[PDB]
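Here is how the chains run, residue by residue.
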Amino acid sequence: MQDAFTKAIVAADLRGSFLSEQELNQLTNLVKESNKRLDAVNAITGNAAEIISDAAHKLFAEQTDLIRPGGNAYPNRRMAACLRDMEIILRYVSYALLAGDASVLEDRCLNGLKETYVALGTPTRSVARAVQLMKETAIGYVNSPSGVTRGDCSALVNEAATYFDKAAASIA
Amino acid sequence: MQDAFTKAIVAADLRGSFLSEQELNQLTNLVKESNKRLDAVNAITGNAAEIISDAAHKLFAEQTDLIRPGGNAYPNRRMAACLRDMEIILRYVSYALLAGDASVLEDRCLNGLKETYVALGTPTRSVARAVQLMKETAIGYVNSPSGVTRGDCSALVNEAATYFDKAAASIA
Amino acid sequence: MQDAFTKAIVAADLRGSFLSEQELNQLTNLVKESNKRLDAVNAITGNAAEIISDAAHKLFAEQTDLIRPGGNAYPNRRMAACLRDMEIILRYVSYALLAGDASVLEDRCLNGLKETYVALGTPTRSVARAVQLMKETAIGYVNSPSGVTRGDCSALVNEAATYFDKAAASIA
Amino acid sequence: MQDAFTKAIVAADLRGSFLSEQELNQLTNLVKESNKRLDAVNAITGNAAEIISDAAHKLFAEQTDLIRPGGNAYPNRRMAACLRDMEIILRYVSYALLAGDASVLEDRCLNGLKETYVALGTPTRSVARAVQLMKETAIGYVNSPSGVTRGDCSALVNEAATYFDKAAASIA
Amino acid sequence: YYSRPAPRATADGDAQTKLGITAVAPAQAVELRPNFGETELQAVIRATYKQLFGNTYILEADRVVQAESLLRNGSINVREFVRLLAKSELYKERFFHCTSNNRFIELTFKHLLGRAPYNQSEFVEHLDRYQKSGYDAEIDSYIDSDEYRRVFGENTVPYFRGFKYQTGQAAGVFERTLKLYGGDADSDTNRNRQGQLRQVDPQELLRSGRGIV
Amino acid sequence: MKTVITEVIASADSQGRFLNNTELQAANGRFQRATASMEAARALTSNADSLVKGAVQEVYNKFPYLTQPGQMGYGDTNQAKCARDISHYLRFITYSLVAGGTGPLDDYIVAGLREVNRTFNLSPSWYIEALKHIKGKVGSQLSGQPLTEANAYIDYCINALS
Amino acid sequence: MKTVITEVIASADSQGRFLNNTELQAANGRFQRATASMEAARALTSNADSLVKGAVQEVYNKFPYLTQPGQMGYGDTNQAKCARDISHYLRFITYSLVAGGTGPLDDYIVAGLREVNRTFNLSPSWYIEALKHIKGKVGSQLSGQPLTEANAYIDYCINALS
Amino acid sequence: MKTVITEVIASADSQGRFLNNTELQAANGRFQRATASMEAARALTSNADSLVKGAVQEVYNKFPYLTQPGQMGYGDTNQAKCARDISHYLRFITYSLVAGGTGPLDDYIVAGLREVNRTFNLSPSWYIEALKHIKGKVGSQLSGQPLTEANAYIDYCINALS
Amino acid sequence: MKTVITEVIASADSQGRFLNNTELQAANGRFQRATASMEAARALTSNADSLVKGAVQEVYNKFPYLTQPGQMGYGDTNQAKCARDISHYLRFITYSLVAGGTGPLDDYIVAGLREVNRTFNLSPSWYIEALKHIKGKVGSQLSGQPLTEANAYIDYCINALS
Ligand SMILES: *[C@H](C)[C@H]1/C(=C/c2[nH]c(/C=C3N=C(/C=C4\NC(=O)C(CC)=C4C)C(C)=C\3CCC(=O)O)c(CCC(=O)O)c2C)NC(=O)[C@@H]1C
Ligand SMILES: *[C@H](C)[C@H]1/C(=C/c2[nH]c(/C=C3N=C(/C=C4\NC(=O)C(CC)=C4C)C(C)=C\3CCC(=O)O)c(CCC(=O)O)c2C)NC(=O)[C@@H]1C
Ligand SMILES: *[C@H](C)[C@H]1/C(=C/c2[nH]c(/C=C3N=C(/C=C4\NC(=O)C(CC)=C4C)C(C)=C\3CCC(=O)O)c(CCC(=O)O)c2C)NC(=O)[C@@H]1C
Ligand SMILES: *[C@H](C)[C@H]1/C(=C/c2[nH]c(/C=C3N=C(/C=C4\NC(=O)C(CC)=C4C)C(C)=C\3CCC(=O)O)c(CCC(=O)O)c2C)NC(=O)[C@@H]1C
Ligand SMILES: *[C@H](C)[C@H]1/C(=C/c2[nH]c(/C=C3N=C(/C=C4\NC(=O)C(CC)=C4C)C(C)=C\3CCC(=O)O)c(CCC(=O)O)c2C)NC(=O)[C@@H]1C
Ligand SMILES: *[C@H](C)[C@H]1/C(=C/c2[nH]c(/C=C3N=C(/C=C4\NC(=O)C(CC)=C4C)C(C)=C\3CCC(=O)O)c(CCC(=O)O)c2C)NC(=O)[C@@H]1C
Ligand SMILES: *[C@H](C)[C@H]1/C(=C/c2[nH]c(/C=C3N=C(/C=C4\NC(=O)C(CC)=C4C)C(C)=C\3CCC(=O)O)c(CCC(=O)O)c2C)NC(=O)[C@@H]1C
Ligand SMILES: *[C@H](C)[C@H]1/C(=C/c2[nH]c(/C=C3N=C(/C=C4\NC(=O)C(CC)=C4C)C(C)=C\3CCC(=O)O)c(CCC(=O)O)c2C)NC(=O)[C@@H]1C
Ligand SMILES: *[C@H](C)[C@H]1/C(=C/c2[nH]c(/C=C3N=C(/C=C4\NC(=O)C(CC)=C4C)C(C)=C\3CCC(=O)O)c(CCC(=O)O)c2C)NC(=O)[C@@H]1C
Ligand SMILES: *[C@H](C)[C@H]1/C(=C/c2[nH]c(/C=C3N=C(/C=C4\NC(=O)C(CC)=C4C)C(C)=C\3CCC(=O)O)c(CCC(=O)O)c2C)NC(=O)[C@@H]1C
Ligand SMILES: *[C@H](C)[C@H]1/C(=C/c2[nH]c(/C=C3N=C(/C=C4\NC(=O)C(CC)=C4C)C(C)=C\3CCC(=O)O)c(CCC(=O)O)c2C)NC(=O)[C@@H]1C
């Protein structure tokens, strides 16, 4: 796979050089945040089921037709798929969040997804929507926990966002 | 897969509705013909070997070159294939005939057939010809059987034709 | 595989003979019962879920220890297996019932079941018990349906029993 | 798999009880030693290649016949297998050492080994010898490292021994 | 009362660990993915070699470099890699030329599908196949067959399906595969004393149905 | 989609052989039965609505608390849905009767049933009652084989749900 | 052995599911048909012999040279065999009718047909005539569905032989 | 059983390599954490009972109708069971904390959860409440990392149940 | 590339499950260690050169004949290479420390090591000495955990080389 650390390495390798002191300081800093980073992930995983459940409800309230005969989320079988998919995307996002890198998400998950959706006739727009719905709910938890030491998580929160968004974009 | 009944269902489903009474009456009558339908099929299956044997003879009388060195039906190995293929197509056609629907034929059998033939260099024209030759012989049996209650099979006969023709066309 | 008809054939074959007129009359009458036979099967299949559910409850009321920590039906995963197994056995029994012959049941289902159970350490006796519990419940339905023409099903009922019992015995 | 912690759990489970306070204190203490434990493992892994190399030399100096035509370690192919076996055994031992439990070793590594050795004709006694030779060399490193904080590792050292010995015994 | 150590007091794992099937029972499945790290490739390769050759030891010279390269370019799937290994001098030398066709069939069954042979007919279709056409056509019929495609159809290394209930299983696989597996250090080996011999006894096959042909 | 006709084709196709007498016999069976099947469908189709009302209703009697505020049965949206759903089940059952196989049921209703129900916290129980209540009503409008058929399919769902 | 009943079980079994309505429909078909099938068998069984004589005979008319010395048709042993064989075909076609599937025919006769025939230099052609001649005779003693059934099976062999 | 320690061994084993620095790092993680984990377990173990009572209770408040006659919550046997069950979940959660992995939970509780629950008509919902109520109580007796750990595991079940 | 973080993701991913507590524990381990690891890297990076000189040198002392004409150690080109190589080993060990896994080492250095070395007739032995000599020097500039880490990785290569 790849992640923040490995990445920097690779770059350095092609230059043929030891790591720049500047570059170390990226990683040094990254370490410091770890604890925050972790809790973020933990929050998602802990609430996973819910995140989805929630997002779905809202998705279907909005786009009533998806669940109507002839729509894409009908019948049961399809509905199931649609739920499953949402979850997957989430799963990956989390992965990325820990790694500190989009890659894993892009390569395993997003790559080719659009075209699939197209071929099937799945409306990419709606998919994207769902991803966002998820995003907001997820942040909700990341950002409002209980029994965690109070401090600033923004930096992480934004990175989280970005991941969700890469998803939204590539699907859309 | 699909067949006459299933099909009508599916249509109905997308409208989101119970089957119209009118529509039932299509199926109701379709049932009534069953017996005829069956005998038709039975006739083909019963004579299968022959149907082919016959068609082949005629095919090779016409296109002498196929069986000449350098032609497509030479040598033995190739010849074998060519016979096998004819048969298959037949087999499917029969299937369709029973189902009361082209689908099965199109999806399992015809789909990709042309392209194969092309890639190999098999002359699609000739293939099509063979299919027709078969058609005529087959009808021959369907229409002239022994021990069957006398009545009108035309309706079925024509549908049979159509199947053969879809075949001929898509191959060609 | 085998069934009532096929069986009689096979016998006849080894004698080298056409079927005895007497023997035909076995099959002739067997046919007549068909309708009864069928409904019997239908009844089982229709109530399947229940049959099991029921039997299980009773099984565990009796042998409390199975569900106690350290027992064979504990923990969940094991419990699941145990339920699954019951179902399977049932499934086969039904099959037999339709065939009108034990064979199918003996070969795929029973044969080597005992040994498996031994190797695992699953207590064969309890398994057998479960099978009986099932038996009784099942007969219950076979014998007391609604909307069926009233008549005598005993003959079938007993044969059903036998199947269950072969099961019980070979497992035990 | 299993290890020290998991094991204690399982025991507790069969009693059906929460963990005894006494029992926790076993695990609590076990944790404290971790650091020692780790370094032990590290020492083996670090020296692996050599451990083997060494043991082999000695093994073959002793049992000259193994390397003579007709012996078990001749020709090359066989010799290679024998080295390789030694490595595998070692590898496992290490694993165990970390886990704090023999199991892993017994199941994956030792299980079936005797019978194999028999079928091949490999002389179990010699195998056992090799295992010991390894043992001694290994302990050598575990017990005499450089740059580690000085303290008492005996406890670990002995447990290490035991693992080696279980190996020796089951093979033999 | 409803909570009390049962008198048996066997663990969950217990039943597997007593048989020695603890690793194979719900075996882990290794899949190659669309773009693979250098480690995923090397895991898959190790898992194939271990499963096809029956945990027998493959030296550094025995390995087949080309097949592994093609697997690295993406030019063949894992299912094709399996066929290349199976159709290979090395496989043929271990499980085919020294044994009897009855012995080989049960081996290939185990290697290419973790089960043992379900009944006697399975030997008929695979022995006649071999006389009619090659070894090669036989081997293909395995990988080509729907059961191979239905499970581990593509990009998944074959794993033992024995020791877990599989739909349409015959009874008495469980026991049969136990004869074939025989522990994590056991390996079927062309080169043991008394050669390569069937473990599955032929009378237990007939114990499952035997139709005509 | 699994119907009698599709299956025999499938089986024939797998072995790579023509439809012989064996399969036709089977087909014949499907067609003979149809007359009864078809009848049943006409009967359900007509009384649809009434069956639905009755069912939905029943469920509430059976599980009063559902209609309380803060529950699932509460507030019209949910009631509407509940209606819709039961109606869909009925439509598939009618479809199956006509198709002469469980096919339609399997693909629309059954496949993915569990997970849907889990994620939205629909309790199978409910549906079941609906069905049962239905079955009871149907047990008046129909008789003999037509009835028998109707049951089979209705049940098939009960079993799938449970 | 392939009969209607065995097949549906098989299919059910593979998928791992209970026999549902779909399969029973099929079964029903087999049973309804049986009455006709059974009748046909009683008719063949009775006239067996006569059919056999007639057939064997026919073959010789059709292929005079067979009866010449140094040929296969020549010398009683061979004639005896020839009789036997056709009787075997006759008994097995009857079995199939009753079993309600080609099964009996397939494994007993069709399987290995080719190679047997090749190694002993039995010309399929012969058998065929036998059958045809038979078919013709049967086409008198029987009528309606009973007839139809008889044909199906007789043919099935013709096709297998050719 | 999945714990940190078992996993790294597994991974090492698969690749066929010695435990190198990579894995030990991971192990170290497990051990450092343990101190907090262990603390949490001591706390749950002690208050077990009280947590259980409170939970069971809660469920009934949440779902009054359960205690009515003819329901599941009704009659002591059932209540006993209900108690038992919650206690098992707690025991595995404590086991997990100590083992330093979800392992214990997965193998005892989670695997086969669905089907058990389906066949006996245990509604996941219930369990969930139990857990939640627990979580709330635990959210007093514990604090900081110890707490965090307790949560993680409790949740893990919620997610599995739902 | 194999680091702690990548692995747990991989394992999680294979099973198809969310990262649960188990994996995070492991991750945590990696991060705690990093501080020491990072320190070690800063130390090696700085003294690189000096370590390299010393090593190359050593090798020659150890294997005098290399410097003789017609040998590998002889003529500047080769010496340059020899330097380069050891510098490559040095840079990559540093990468590993920082990455917190053997990954970098495995992929650059180890994979294909044997065959390269065979085809160009580089004797592993040499490299080894280089490393050892290094290890000895490093054993001064570093101390405690930082040291321990440095060793681990250095060794890992020794083992791979041998
Ligand atoms: C961020 C979204 C929210 C937030 C985070 C936050 N966390 C900490 C500190 C810690 N959090 C953890 C968490 C873990 N470390 C691990 O190893 C694991 C896996 C087992 C977890 C779950 C830890 C251990 C710490 C340090 C000690 C502590 O008591 O927290 C902080 C404090 C700053 C720091 O980086 O240490 C913060 C701010 N707090 C919020 O309110 C944000 C919404
Ligand atoms: C015969 C009327 C004509 C003919 C046929 C022919 N076909 C091949 C080879 C193939 N034909 C097929 C056919 C199919 N592919 C499918 O998907 C289906 C439907 C499901 C069929 C029927 C295929 C796959 C092949 C290639 C593989 C094979 O072994 O058959 C040949 C031989 C081609 C060769 O060069 O080997 C021939 C001759 N060609 C003629 O000359 C006739 C006009
Ligand atoms: C049409 C090409 C020819 C024709 C057909 C024809 N058939 C019938 C009636 C029947 N034929 C069958 C045959 C079967 N039914 C089955 O279940 C099976 C499978 C085992 C077969 C083969 C049956 C049972 C009937 C009903 C009774 C009967 O034979 O009469 C008819 C009569 C009309 C009707 O719809 O019933 C006809 C017209 N006859 C021709 O003239 C065509 C050449
Ligand atoms: C339930 C009534 C009793 C029970 C059952 C039980 N079975 C297992 C495990 C297995 N069961 C089977 C059995 C089958 N394999 C087959 O082929 C067939 C039909 C031919 C059956 C019925 C198998 C193979 C297993 C092992 C693999 C698997 O889990 O699928 C268990 C679990 C024991 C274990 O450790 O695996 C149990 C509990 N035992 C009872 O306590 C009940 C009385
Ligand atoms: C026996 C356990 C019970 C019983 C049965 C019973 N059934 C009939 C008659 C029929 N049953 C059926 C059922 C089917 N036929 C089929 O083809 C199928 C598959 C689609 C089924 C399910 C049919 C059609 C008949 C004929 C018409 C009818 O309903 O009667 C009888 C009557 C006697 C007979 O020989 O037919 C009986 C007695 N009766 C009992 O005592 C039990 C309740
Ligand atoms: C070396 C110390 C002594 C020795 C060993 C030896 N072993 C073999 C052959 C095999 N060894 C094994 C064993 C294992 N497979 C495993 O996975 C494990 C660990 C889980 C072990 C330990 C196996 C399976 C074989 C067969 C390998 C194959 O078939 O390729 C040999 C070679 C014997 C032969 O004829 O192949 C030897 C020599 N024997 C000695 O003489 C040493 C004292
Ligand atoms: C025992 C065989 C020899 C020995 C060991 C010893 N080690 C320590 C302490 C530590 N060793 C480590 C090592 C690690 N911790 C990790 O996280 C990892 C993997 C990344 C390793 C390799 C650590 C961190 C410590 C703590 C600090 C230190 O190294 O001093 C001790 C001290 C006792 C204690 O920590 O409780 C001892 C005794 N020393 C010997 O002389 C034995 C032969
Ligand atoms: C009726 C007995 C109870 C009830 C049910 C109810 N259902 C939903 C939501 C859904 N129900 C379904 C069911 C289906 N949708 C399909 O596509 C099919 C196959 C044709 C079925 C059977 C689905 C998928 C949903 C989810 C989303 C949707 O909009 O349909 C609800 C709403 C719950 C929610 O959170 O959305 C309810 C309440 N309503 C009642 O009054 C009874 C208690
Ligand atoms: C009749 C048209 C010609 C003829 C027949 C004839 N048959 C044989 C030898 C065999 N006949 C069979 C056929 C069957 N045996 C079976 O088991 C079955 C399936 C149930 C069949 C159809 C067999 C197998 C043999 C070969 C071995 C044997 O002796 O049984 C011969 C003898 C040929 C020889 O000995 O090489 C003959 C002559 N005889 C005639 O007059 C016709 C030309
Ligand atoms: C409590 C929230 C509700 C309740 C529950 C209840 N459960 C059962 C029966 C079982 N529950 C389980 C669950 C488990 N058993 C295990 O071994 C494990 C893993 C450790 C779990 C989680 C099981 C397996 C059973 C079935 C076996 C048995 O009979 O014990 C019942 C009885 C169900 C019945 O139909 O008899 C009940 C009532 N009880 C309440 O009051 C709440 C509504
Ligand atoms: C130093 C101990 C001895 C020495 C070195 C020497 N090396 C080569 C050639 C190569 N060295 C390497 C090594 C690496 N290249 C890499 O990319 C990596 C991994 C990133 C390593 C470790 C390689 C690949 C080569 C071959 C390519 C090349 O020749 O440049 C030589 C050349 C030998 C020859 O016959 O050409 C030499 C001499 N020489 C000394 O002074 C020491 C004895």
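Cut-off values and rules
- Residues numbered from 1 in each chain as written, not as in the entry; some residues may be left out.
- Chains lettered and ligands numbered in written order.
- Part of a larger assembly, values for the part shown.
- Heavy atoms only, no water.
- Residues with missing side-chain atoms left out of burial classes, pairs and counts.
- UniProt positions renumbered as here; feature names shortened; annotations may be inferred.
- Helix = DSSP H or I, 4+ residues; strand = E, 2+ residues; numbered from the N terminus.
- Buried < 20%, exposed > 50% of the residue type's maximum accessible area, 1.4 Å probe, protein only.
- Contact = heavy atoms within 4.5 Å.
- Buried area = accessible area lost by both parts, 1.4 Å probe.
- Salt bridge = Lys/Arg side-chain N within 4 Å of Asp/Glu carboxyl O.
- Polar contact = N/O pair within 3.5 Å; in protein donor to acceptor, adjacent residues only side chain to side chain.
- Nonpolar A, V, L, I, M, F, W, Y, C, P; charged D, E, K, R; others polar.
- Near = heavy atom within 4 Å.
- Areas by Shrake-Rupley, 256 points an atom, 1.4 Å probe, with all protein chains shown as cover.
- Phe/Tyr/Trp six-rings, centres within 6.5 Å; stacked < 30°, edge-to-face > 60°.
- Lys NZ or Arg CZ within 6 Å of the ring centre and 35° of its normal.

For this deposition, the record names cryo-EM as the technique by which the model was determined and cites 3.03 Å as its resolution.

Chain F goes by Phycocyanin alpha chain in the PDB entry, where it is assigned to Gloeobacter violaceus PCC 7421. The record in UniProt for chain F states the following under Sequence similarities (unreviewed entry): "Belongs to the phycobiliprotein family."

The PDB entry annotates chain A as Phycocyanin beta chain originating from Gloeobacter violaceus PCC 7421.

(A) Quick peek at the overall build of chain F. Secondary structure assignment for chain F yields 7 helices and 0 strands. Going from N to C terminus, chain F has its helices and strands arranged as α-α-α-α-α-α-α. Principal-axis analysis of the C-alpha atoms gives chain F an extent of 60 × 35 × 20 Å. The proportion of buried residues among the 162 residues of chain F is 60%. In chain F, of all internal contacts separated by at least 6 residues, the share reaching a separation of at least 24 is 70%.

(B) Representation of the UniProt feature "binding site: (2R,3E)-phycocyanobilin 2" (unreviewed entry) in chain F. All names here are of chain F. Here, the residues flagged by UniProt with the feature "binding site: (2R,3E)-phycocyanobilin 2" (unreviewed entry) are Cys82. Examined against the element boundaries, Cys82 turns out to sit in helix α3 (residues 76-99). In contact with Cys82, not counting residues within four places along its chain, are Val56 and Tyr60.

(C) Broad picture of the interface of chain C and chain G. At the junction of the two partners, chain C supplies 35 residues and chain G supplies 33 residues. It is C:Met1, C:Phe18 and C:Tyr95 in chain C that bury the most area against chain G; as a group they hold 22% of the surface buried on that side. Applying the counting criterion to the chain C and chain G interface returns 3 salt bridges. The shortest N-O distance in the salt bridge between G:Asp13 and C:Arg91 comes to 3.6 Å. Our enumeration of links across chain C and chain G arrives at 9 residue pairs in polar contact. Listed by contribution, the elements that provide at least two residues to the side of chain C that touches chain G are α1 (4-15), α2 (21-62) and α3 (76-99) of chain C. With 13 residues, the single largest contributor to the side of chain C that touches chain G is α2(C). Grouping the amino acids of the side of chain C that touches chain G by side-chain chemistry returns 19 nonpolar, 11 polar and 5 charged.

(D) Here's a closer look at the pattern of salt bridges. In this structure the tally under the stated criterion is 87 salt bridges over all chains. The salt bridge involving E:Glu60 is made with I:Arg118; its shortest N-O contact spans 3.9 Å. Separated into two different chains, E:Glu60 in the loop between α2 (38-52) and α3 (65-73) and I:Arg118 in helix α5 (residues 113-120) make up a pair that spans both. Per residue, the accessibility class of E:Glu60 equals that of I:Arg118, and both read exposed. Here the salt bridges do not stand alone but share partners, grouping A:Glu87, A:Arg91, A:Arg108, E:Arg33, E:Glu40 and I:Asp13 into one network.

(E) Local environment of the UniProt feature "binding site: (2R,3E)-phycocyanobilin" (unreviewed entry) in chain F. Residue and element names in this part refer to chain F. The UniProt record annotates "binding site: (2R,3E)-phycocyanobilin" (unreviewed entry) at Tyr60, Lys81, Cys82, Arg84 and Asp85. Positionally, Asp85 belongs in helix α3. Judged by its relative accessible area of 14%, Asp85 is buried.

(F) Structural context of the site of ligand 2. Residue and element names in this part refer to chain B. Around ligand 2 sit 17 residues in total, of which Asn72, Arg78, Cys82, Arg84 and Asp85 are the nearest. Between an oxygen atom of ligand 2 and a side-chain N or O atom of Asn72, the distance comes to 3.1 Å. Breaking the shell around ligand 2 down by element, the ones donating at least two residues are α3 (76-99), α4 (103-110), α5 (113-120) and α6 (124-143). Element by element, the count of residues in the shell around ligand 2 is highest for α3, at 6 residues. Of the residues belonging to the shell around ligand 2, the class tally is 9 nonpolar, 4 polar and 4 charged.

(G) Fine view of the UniProt feature "binding site: (2R,3E)-phycocyanobilin 1" (unreviewed entry) in chain A. All names here are of chain A. Using the residue numbers shown here, the UniProt feature "binding site: (2R,3E)-phycocyanobilin 1" (unreviewed entry) corresponds to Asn35, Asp39, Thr149, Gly151 and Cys153. For the residues just named, distributed over 119 residues, the greatest C-alpha separation is only 11.9 Å, placing them together at one site. Turning to its location among the elements, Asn35 is positioned in helix α2 (residues 21-62). Within the fold, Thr149 resides in the loop between α6 (124-143) and α7 (154-171). Judged by relative accessible area, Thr149 falls into the exposed class, the value being 70%.

(H) The site of ligand 4, seen in detail. By nearness alone, 25 residues border ligand 4, and C:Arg77, C:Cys82, C:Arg84, C:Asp85 and E:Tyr165 come closest of all. Ligand 4 sits at a junction of chains, with neighbouring residues supplied by chains C and E. Protein chains shield 98% of the accessible area of ligand 4, which is 850 Å² for the free molecule. Mapped onto the shell around ligand 4, the elements with two or more residues apiece are α3, α4 (103-110), α5 (113-120) and α6 (124-143) of chain C together with α1 (14-19) of chain E. Looking at which element gives the most residues to the shell around ligand 4, the answer is α3(C), with 8 residues. Along the lines of polarity and charge, the residues of the shell around ligand 4 split into 14 nonpolar, 5 polar and 6 charged.

(I) A look at the interface of chain H and chain C. Taken residue by residue, the interface counts 13 residues in chain H and 13 residues in chain C. Roughly 1000 Å² is buried in total at the junction of chain H and chain C, and carbon and sulfur atoms are behind 68% of that figure. Where chain H packs against chain C, one counts 0 salt bridges. Those elements giving two or more residues to the side of chain H that touches chain C turn out to be α3 (76-99), α4 (103-110) and α5 (113-120) of chain H. Across the side of chain H that touches chain C, the residue classes break down as 7 nonpolar, 3 polar and 3 charged.

(J) Up close: the packing of aromatic side chains. Scanning all chains against the criterion turns up 41 aromatic pairs over all chains. With a centroid separation of 5.3 Å and an interplanar angle of 80 degrees, the aromatic rings of E:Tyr148 and E:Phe152 are classed as edge-to-face. Judged by centre distance (4.9 Å) and plane angle (10 degrees), the rings of H:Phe92 and H:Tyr108 are stacked. Residue H:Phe92 is found in helix α3, and its partner H:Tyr108 is found in helix α4; the two are separated by 16 residues along the sequence. Residue classification places H:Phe92 among the buried positions, given a relative accessible area of 3%. The exposure class assigned to H:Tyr108 is buried, which follows from its relative accessible area of 5%. An aromatic cluster of at least three residues, connected via ring pairs, comprises E:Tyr49, E:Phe53, E:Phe81, E:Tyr91 and E:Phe95. When the ring centre of A:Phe5 is taken as origin, the NZ or CZ atom of I:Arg30, which lies over that ring, is 4.2 Å away.

(K) Here's a closer look at the arrangement of the chains. Considering only C-alpha positions, the minimal separation of the non-contacting chain A and chain G is 18 Å. The two partners chain B and chain I share no contact, and the minimum distance between any of their C-alpha atoms is 31 Å.

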